[PDB]
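Let's start with one chain on its own, the form deposited without the ligand, as structure tokens.
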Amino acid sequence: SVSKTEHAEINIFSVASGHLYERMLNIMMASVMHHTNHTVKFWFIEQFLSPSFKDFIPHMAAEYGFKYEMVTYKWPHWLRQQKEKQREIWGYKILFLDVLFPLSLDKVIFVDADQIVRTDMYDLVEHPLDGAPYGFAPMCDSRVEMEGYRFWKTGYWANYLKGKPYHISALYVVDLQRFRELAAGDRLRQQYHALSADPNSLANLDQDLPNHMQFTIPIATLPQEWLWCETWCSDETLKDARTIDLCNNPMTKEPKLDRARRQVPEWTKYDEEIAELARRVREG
């Protein structure tokens, strides 16, 4: 309750790089606030954001009734760098969970910038982790026609996992008290540093690292309904989805905004609402 009183009942962080992902990030935030009456604070990885986004966030905060904070954490010099901006952004999602946030914050949830929330996120804050420092949803198996693209069901990953789930990194709850209690941050940084000496390792950096460490840094497998993506999940399970991720479909390669408008009926409503707020602020 000290964390809830000082920060908020729900604390969410995200990362966005590019005007398209910033546009989706405002939509994600509006979707969270339309589905909760609990207090919310959004945390941003500051250095990737545009000046316009950072100028607009106080307007979003006053319109939607949320608190916010910008975190600017410098990549430690000892730790192997990522030349590709995509991989550096993935590093910011998983390698610094213990240092991005204050010691007074007990829990934080990563929600992808391209996500659409359809649930009260305080349900994830209250979800029992049974001692795990973090919880991730598994990758769906329900869309049977995409089995050939489930790389984790054969080869390296099938042997490595021994039947454990291969989790998606679009959404994850981190019990920061337990993550700190376990030294998970230091351990994830040292494993990443050693593994990344091979440039063929950790292809999906943010996702592969926690899945690789799940025998020593436990993952609480969240209910499947916490994360639904069309690529892997059946149409039939969309009605149960608490959140939607617009993940890439390797079979169709359909553009991001087309996936958003086609799959999510309320997407244009949030987009037009944020554009209406922008026009209202611009005149004044």
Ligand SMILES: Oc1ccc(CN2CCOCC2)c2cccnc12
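Residues carry their position along the shown sequence, with the first being 1.
In what follows, reference is made to the form deposited with the ligand bound, a form of this protein that is not presented.
Asker: According to a 4.5 angstroms non-hydrogen atom cut-off, is residue 212 in contact with the ligand in the deposited bound form?
Answerer: Heavy-atom contact with the ligand at 4.5 Å: present for residue 212.
Asker: Taking the ligand as it sits in the deposited bound form, is residue 197 near enough to touch it, meaning that at least one heavy atom pair lies within 4.5 angstroms?
Answerer: No.
Asker: Even though the ligand is not shown here, does residue 78 get within 4.5 Å of it in the deposited bound form, heavy atoms only?
Answerer: Residue-level check for residue 78: no, no contact with the ligand.
Asker: Quick check on residue 160: any heavy atom within 4.5 Å of the ligand in the deposited bound form?
Answerer: Heavy-atom contact with the ligand at 4.5 Å: present for residue 160.
Asker: Heavy atoms within 4.5 Å of the ligand in the deposited bound form: which stretch in 173-181, 197-205, 100-108, 130-138 meets that?
Answerer: That would be 197-205.
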